2 protein chains.
Amino acid sequence: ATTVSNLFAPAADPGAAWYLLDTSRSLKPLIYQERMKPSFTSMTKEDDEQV
Amino acid sequence: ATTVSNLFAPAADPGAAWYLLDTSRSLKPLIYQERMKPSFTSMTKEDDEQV
């Protein structure tokens with residue numbers, strides 16, 4: 001705690017143990033979508049909006 | 001325009017010129033997107049509606 005100066009939060013870590021700080025967790029990789037076919041509802045009805 | 005009670009407006013146009021007095025220009029001709037698919041939203045997946 002500093003009475004006046006509160007600039008930022010420089011962080012120091014050992015990063016050498018079996019684990020690391022703020023470990024990341026993922027279930028499955030990233031998926032991408034292209035609703036461009038004529039069968040897509042919005043791109044035929046929503047003023048031809050494709051997403 | 002002359003007289004009172006203005007009448008309908010005929011028009012005199014030549015046809016010899018290959019570039020006619022008017023012109024209808026289009027990016028694409030007629031195109032159709034009949035969605036006869038079992039997975040289409042409104043035929044089996046939102047309603048019993050074929051479009």
Side-chain angles (χ1 to χ4, degrees), chain A residues 1-46 48-51, chain B residues 1-46 48-51:
Chain A
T2 59
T3 302
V4 187
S5 169
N6 205 353
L7 61 84
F8 301 110
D13 317 308
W18 188 264
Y19 59 68
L20 304 178
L21 288 82
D22 311 341
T23 176
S24 193
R25 186 274 304 278
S26 186
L27 188 153
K28 44 162 65 68
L30 283 71
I31 301 299
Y32 294 93
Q33 185 59 250
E34 285 79 53
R35 296 292 299 274
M36 309 297 124
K37 296 183 290 294
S39 175
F40 170 36
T41 180
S42 309
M43 61 79 71
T44 61
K45 64 92 174 178
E46 292 185 357
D48 294 327
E49 268 200 349
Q50 66 199 21
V51 299
Chain B
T2 318
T3 68
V4 177
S5 311
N6 304 118
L7 189 139
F8 277 128
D13 315 331
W18 60 275
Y19 186 32
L20 283 72
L21 183 63
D22 270 23
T23 186
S24 176
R25 57 98 178 184
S26 65
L27 199 153
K28 322 182 181 292
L30 60 84
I31 187 150
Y32 295 93
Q33 288 83 2
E34 56 271 2
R35 297 164 85 183
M36 295 298 102
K37 294 181 176 67
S39 296
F40 166 54
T41 308
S42 191
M43 65 84 72
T44 309
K45 300 289 94 175
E46 271 296 340
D48 274 327
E49 182 65 26
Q50 264 176 343
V51 176

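Naming: A, B, ... by sequence-line order, numbering from 1 per chain. Scope of the values below: all heavy atoms of this structure, side chains included, with no hydrogens, waters or symmetry mates.
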(request) Report, as yes or no, whether the 6.0 Å neighbourhood of atom CG on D22(A) holds more than 12 heavy atoms from other residues, nucleotides or ligands. (result) no
(request) Check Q33(B) against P38(A) and note the closest heavy-atom contact, atom names and distance. (result) CG-CB, 3.9 Å
(message) Can you tell me how far apart CD (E49(B)) and CE (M43(B)) are? Round to the nearest 0.5 Å.
(response) 10.5 Å
(message) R35(B) vs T44(A), test: side-chain contact (heavy atoms from CB on, under 4.5 Å). Steps then yes/no.
(response) CA-CA 10 Å; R35(B) 297 164 85 183; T44(A) 61; 3.0 Å; yes
(request) Considering non-hydrogen atoms only, spot the tightest contact between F8(B) and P10(B) and give its length. (result) O-CD, 3.2 Å
(request) Compare every heavy atom of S39(A) with every heavy atom of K37(B), then report the nearest pair and how far apart it is. (result) CD-OG, 3.7 Å
(request) Kindly write out the residues that satisfy side chain to side chain contact (heavy atoms under 4.5 Å, CB included) with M36(B), not counting sequence neighbours, or none if the list is empty. (result) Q50(B)
(message) According to side chain to side chain contact (heavy atoms under 4.5 Å, CB included), who are the partners of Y32(A), at least two apart in sequence or on a separate chain?
(response) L30(A), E34(A)
